[PDB]
Amino acid sequence: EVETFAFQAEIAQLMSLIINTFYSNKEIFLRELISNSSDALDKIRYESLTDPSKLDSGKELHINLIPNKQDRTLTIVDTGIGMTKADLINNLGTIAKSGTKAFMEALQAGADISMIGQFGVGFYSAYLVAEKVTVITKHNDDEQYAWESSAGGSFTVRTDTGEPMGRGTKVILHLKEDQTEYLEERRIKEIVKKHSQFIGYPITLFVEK
Ligand SMILES: CNc1ncnc2[nH]cnc12
């Protein structure tokens, strides 16, 4: 069964902005999503310090980038803490209502879209380059869920029946037709080296057939 939810008004407004503002420096989406994955990895690492059984669902802590030119998707996988159903519904574990307010005021006071991550809502930068985003996640305390939104004011949550993940989060970006440069291995490596050079977890860029 699929449950459909309305976004809180502030988040709908953040998304509509991101989608409809002119802003050429779109590559920052990948920095923000890698940063989110790094934070999720830090969280499960910290919990495992006093309860090593937290890593029974997977001891490897890493980030994988998977381009797929056939489906026009870029997938970011981490083996971090994952999200419960409650986390998903509550704006993917963010304080997005208050963060959106602070971000929109910073914009009028001379901030630009690339500072989105400082306000805790960097996930939504995915919509600079994606027509739809699918999030598959598994937390130790819950089942595997799929979240999906094409913007337009709603999101869906369902129990995921695909391949089990163990623990972590898979963010699947369905790229806009004119944003396929982010499927190119050269372009991805340029962005990672420019913006994510000092992330403290291995980042593997998968190759295509
Ligand atoms: C966006 N919120 C997230 N929460 C937990 N783990 C993640 N991995 C990537 N994004 C997240």
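Parameters at a glance
Residues numbered from 1 in each chain as written, not as in the entry; some residues may be left out. Heavy atoms only, no water. Residues with missing side-chain atoms left out of burial classes, pairs and counts. Near = heavy atom within 4 Å. Polar contact = N/O pair within 3.5 Å; in protein donor to acceptor, adjacent residues only side chain to side chain. Areas by Shrake-Rupley, 256 points an atom, 1.4 Å probe, with all protein chains shown as cover. Helix = DSSP H or I, 4+ residues; strand = E, 2+ residues; numbered from the N terminus. Buried < 20%, exposed > 50% of the residue type's maximum accessible area, 1.4 Å probe, protein only. Pairing = 2+ DSSP bridges. Axes fitted to C-alpha atoms, helices over the stretch in contact; angles between N-to-C directions. Left-handed = near helix turned anticlockwise from the far one by under 90°. Contact = heavy atoms within 4.5 Å. Nonpolar A, V, L, I, M, F, W, Y, C, P; charged D, E, K, R; others polar.

Neighbouring residues of the ligand: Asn36, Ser37, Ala40, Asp78, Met83, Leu92 and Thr169. Between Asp78 and the ligand, the recorded distance is 2.7 Å, taken from a side-chain N or O atom to a nitrogen atom. Contacts to the ligand include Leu92, whose backbone N or O atom sits 3.0 Å from a nitrogen atom. In isolation the ligand exposes 280 Å². Once the protein is present, 88% of that is buried. In terms of residue count, helix 2 (residues 28–50) provides more of the shell around the ligand than any other element does, 3 residues in total.

Remark: a regular strand shows side chains that alternate across the two faces of the sheet. Most of strand 7 (residues 168–175) sits out of view: 7 of its 8 residues are buried. Pairing analysis gives 6 bridges linking strand 3 (residues 73–78) to strand 7, with the strands arranged antiparallel. Its bridge partner lying in strand 7, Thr73 is registered against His174. Note: strand 4 (residues 130–138) against strand 7, 8 bridges, orientation antiparallel. Note on strand 7: the bridge partner recorded for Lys138 is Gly168.

A word on the packing of helix 2 against helix 5 (residues 185–195). At a closest axis distance of 10 Å, the pairing of helix 2 and helix 5 adopts a crossing angle of 65°. Relative to helix 5, the crossing made by helix 2 is right-handed. For the pair helix 2 and helix 5, the contacting residues are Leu30, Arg31 and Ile34 in the first and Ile188, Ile191, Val192 and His195 in the second. Within the contact of helix 2 with helix 5, the residues separate by chemical class into 5 nonpolar, 1 polar and 1 charged.

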